[PDB]
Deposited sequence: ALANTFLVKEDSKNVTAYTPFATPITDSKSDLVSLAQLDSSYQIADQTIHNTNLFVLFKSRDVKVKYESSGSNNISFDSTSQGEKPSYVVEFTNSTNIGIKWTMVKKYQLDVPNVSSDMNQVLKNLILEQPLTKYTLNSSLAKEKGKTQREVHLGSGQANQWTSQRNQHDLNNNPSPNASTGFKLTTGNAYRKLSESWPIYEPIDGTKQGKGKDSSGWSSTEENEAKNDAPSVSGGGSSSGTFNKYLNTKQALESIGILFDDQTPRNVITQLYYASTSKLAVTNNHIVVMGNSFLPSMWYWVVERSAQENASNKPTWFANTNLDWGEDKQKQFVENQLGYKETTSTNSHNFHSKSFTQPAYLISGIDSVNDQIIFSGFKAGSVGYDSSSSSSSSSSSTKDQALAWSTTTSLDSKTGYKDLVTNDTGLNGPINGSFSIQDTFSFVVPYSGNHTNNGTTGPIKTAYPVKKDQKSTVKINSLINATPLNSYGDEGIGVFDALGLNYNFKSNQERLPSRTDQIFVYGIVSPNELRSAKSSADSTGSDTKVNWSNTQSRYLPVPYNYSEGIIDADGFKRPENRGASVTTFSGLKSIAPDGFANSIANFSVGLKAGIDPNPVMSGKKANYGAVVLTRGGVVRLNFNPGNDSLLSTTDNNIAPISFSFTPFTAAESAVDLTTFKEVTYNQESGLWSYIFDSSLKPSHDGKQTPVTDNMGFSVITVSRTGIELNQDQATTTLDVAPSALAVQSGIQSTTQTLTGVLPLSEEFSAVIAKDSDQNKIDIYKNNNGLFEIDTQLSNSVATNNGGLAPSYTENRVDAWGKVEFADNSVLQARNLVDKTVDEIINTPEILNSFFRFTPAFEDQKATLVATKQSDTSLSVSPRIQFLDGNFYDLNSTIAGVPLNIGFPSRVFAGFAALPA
């Protein structure tokens, strides 16, 4: 397709030429054409093999979770909420213009619930979602019991050394290590059948009700409402933010002022992104809410099937080592043959149940994904003298200082594997949050349930709204979240978490997508998928997005000062958006296959994912000292960091340039603040351009293997505005972009020109391109250097003067270099090219008409079409006469 598809609104897609003009009648209500009702909106769209695949979801959708029976998750079929999300394949049925017709329609059904799964879902609890306005202090949660309070009691670290052997804690130096955080204050935690509030606590260390749902609605909700009342009032906001409009902006659904139940929000968020292969449609969730499931649709699915989603809790990833998997699985909750009705994901042999998915794409017949591990830990829901009551069980898993430095060794270090170990330690006359070693034998970690309460205790599963496991308001949590934990060695290597701020990526083969479909369709007990072409990576938020961190008074989440420039009030929770794959246009040594990669934005930088196209694997190298070479992180400068990542609108890739274009649109900002103040900086847009860097695979015998990861560079391109409403950005070429925007209520075309890496508006080219006189393409004027340069034809007297009269028309016509001498071209931009096309008119004469490059690098002439429609640009023709018939 010689066209650009532009989503004009939530229902309509219009086809645009490279001249930034709409193809007449191309505008299509794809919702109406999918035979869906007006409550449906376009979530995402992609081209595969010339057909258009669109993901729809409905603002009317209602889902319920019933703890008993066994079709536990269903749509609310009463009223009008039986509104599943749909993928639709459209094909263009005309050779002239655009007429979308529906080919195939696929319903995304609610997930199956096994007996085993439903025992976990029963007491599953989920944090209220993170917004734009969530503060470091909002996330902060009350520090839980120490490891020795849980095990021994109110009863002294004098008896810590005598006793740690009777509680499986041999040689453990960390009696004062935290066992997690309290669920009586903080961000609201709610079951699948409950609703999140519109209120966020300013200090979650004091003002939340956490999971104390019943406390919230009888006591604290009234307080929050009087403090933080929705705009018509104006309130004090001493204690609570009100983020209703910010919740709406991230796809939270509402019955008036009340958010719909969690299961509804999960389903609605879960149908956000699609990708398409020869055999499959894959649907995944957005970067804003955790998702617990994803669809694998078989494109052959009969004309009307219910395509079942696969649980992530049934989807085993390779985390890079078996050990990196154990760290995640051990902190999911208490496993035990001995305990009763104590059901969590770990105890029921499930794996990591939730991700904050960056996006999904396809290259060749492979699916590529990335996301953040959503924090998931056990909590103690006991009712009576249980010490950890109403407490989440979570702990830093950050590698000790003594660890073998060399990635393999850093990430497989035993520190905090089975339970708590870090807090604070003064070695010599200096200090560390990290345990200084990994004596009388090997150091032991144990799960913070004391031996006696082993058979009585109720440890259930929760899911956090961010990539942090541990919200506890201690020093280590800040250092875990911000990447500040360093060894004291030679080359001073950074010590990673493997539970907090963990990024996940992979490539998924068609067989691997087939097992997921088989897991989703499992009768009875849960079937499992293994995805083996996957990795994880400790990816903290840049420490320089915070201020005033003490060391040389220890700062925790409740006092940590955000200066985060990227649209988030918080400086501790990482975020990712716009994963996108592309084939490298740069040739490879022959007998090897084309290179491909993907990129994704995270807070403070771009990540490059590197694949080996030989066998559609993660790129790797033989040495385990150097870090999985499938991942590279390049930090942003100030200009990239100033971009509000919550305004991400779309990402395209151009195979000719080998460049990614990330579009940001400020109209996506919410109407109002957490203080209910109208947001006024919602005008404008921004483009970030991503390019590959480093030595790429298979250039020459030398680079058949690599021991340095290819990476990417994100550059705020110069294409931005604080004044215009965006309609679209057309990346015509590496040298040019067209922006369609409105100042008033009509669409204006701006041409941005790339000057040595920086895009600048070119007002003369803009005026040339915009002067199309209501046609599809820029006008042509003889006397003007316009979008088409300027052509001056030689006079007819050049034939006689050059003794070309002694040549025939047929000779001249088969000598392109003679007929390049019948004009002088002035280019409008450097290296714009032009040739003359010749036509015999008689035995003695011919005409010539120019063929001229536009900004896209394509040649146009009298016969040019877009979508089969003649452009009728207005190129001249010139007769030359007096040639011989020899």
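The deposited chain is incompletely modelled, with C-alpha atoms absent over 1 to 2, 235 to 238, 391 to 394, 449 to 455, 570 to 580, 915 to 916.
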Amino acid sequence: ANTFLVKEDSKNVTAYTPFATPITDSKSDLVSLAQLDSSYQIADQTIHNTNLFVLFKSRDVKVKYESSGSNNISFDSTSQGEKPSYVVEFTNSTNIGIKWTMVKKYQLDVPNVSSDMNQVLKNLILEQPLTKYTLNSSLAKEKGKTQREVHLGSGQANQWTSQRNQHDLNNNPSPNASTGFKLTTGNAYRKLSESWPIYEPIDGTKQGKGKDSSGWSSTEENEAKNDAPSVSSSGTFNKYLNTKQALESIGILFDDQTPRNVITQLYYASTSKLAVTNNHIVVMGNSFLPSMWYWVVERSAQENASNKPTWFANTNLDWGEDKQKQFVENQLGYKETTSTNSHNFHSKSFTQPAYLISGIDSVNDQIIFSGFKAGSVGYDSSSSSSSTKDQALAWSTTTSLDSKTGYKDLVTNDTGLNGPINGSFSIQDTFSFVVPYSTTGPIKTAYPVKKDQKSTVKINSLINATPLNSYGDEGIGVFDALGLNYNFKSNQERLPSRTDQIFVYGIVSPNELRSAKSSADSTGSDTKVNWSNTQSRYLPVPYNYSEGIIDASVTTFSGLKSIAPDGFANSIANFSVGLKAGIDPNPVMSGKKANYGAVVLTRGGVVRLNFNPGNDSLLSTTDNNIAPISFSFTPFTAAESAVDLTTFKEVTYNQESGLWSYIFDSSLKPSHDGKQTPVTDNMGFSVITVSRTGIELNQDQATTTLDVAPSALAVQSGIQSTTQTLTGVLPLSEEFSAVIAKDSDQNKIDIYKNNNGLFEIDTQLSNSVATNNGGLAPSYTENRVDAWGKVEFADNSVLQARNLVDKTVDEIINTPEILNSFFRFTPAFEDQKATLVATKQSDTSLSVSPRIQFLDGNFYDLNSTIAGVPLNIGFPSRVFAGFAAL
From here on, numbers count along this sequence of modelled residues.
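If you superpose the two forms and keep the largest set of C-alpha atoms that fall within 1.5 Å, you have the rigid core.
Larger root-mean-square CA separation from the shown form, computed after a rigid core fit of the structures in 4 other deposited structures of this protein, is seen for 329 to 337 when 170 to 178 is set against 329 to 337.
Of 789 to 797 and 149 to 157, the stretch whose C-alpha atoms sit farther from the shown form in 4 other deposited structures of this protein, after fitting on the rigid core, is 149 to 157. For the pair 453 to 461 and 261 to 269, the mean Cα B-factor is higher in 453 to 461.
112 to 120 and 783 to 791 differ in mean CA B-factor, and the higher of the two is recorded for 112 to 120.
Take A188, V504, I761, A552 and read off each C-alpha B-factor from the entry; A552 has the highest. Residue set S711, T534, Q701, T725: peak C-alpha B-factor at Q701 (per PDB entry).
In the deposited entry, the Cα temperature factor of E82 sits in the top third of values across the chain's modelled residues. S68: CA B factor lies in the highest third for its chain, per the PDB record.
In this PDB entry, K748 carries a Cα temperature factor that places it within the lowest third of its chain's modelled residues.
In this PDB entry, the Cα temperature factor of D390 sits in the top third of its chain's modelled residues, the highest group. Residue-level temperature factors show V529 in the highest third of its chain, judged at the C-alpha atom.
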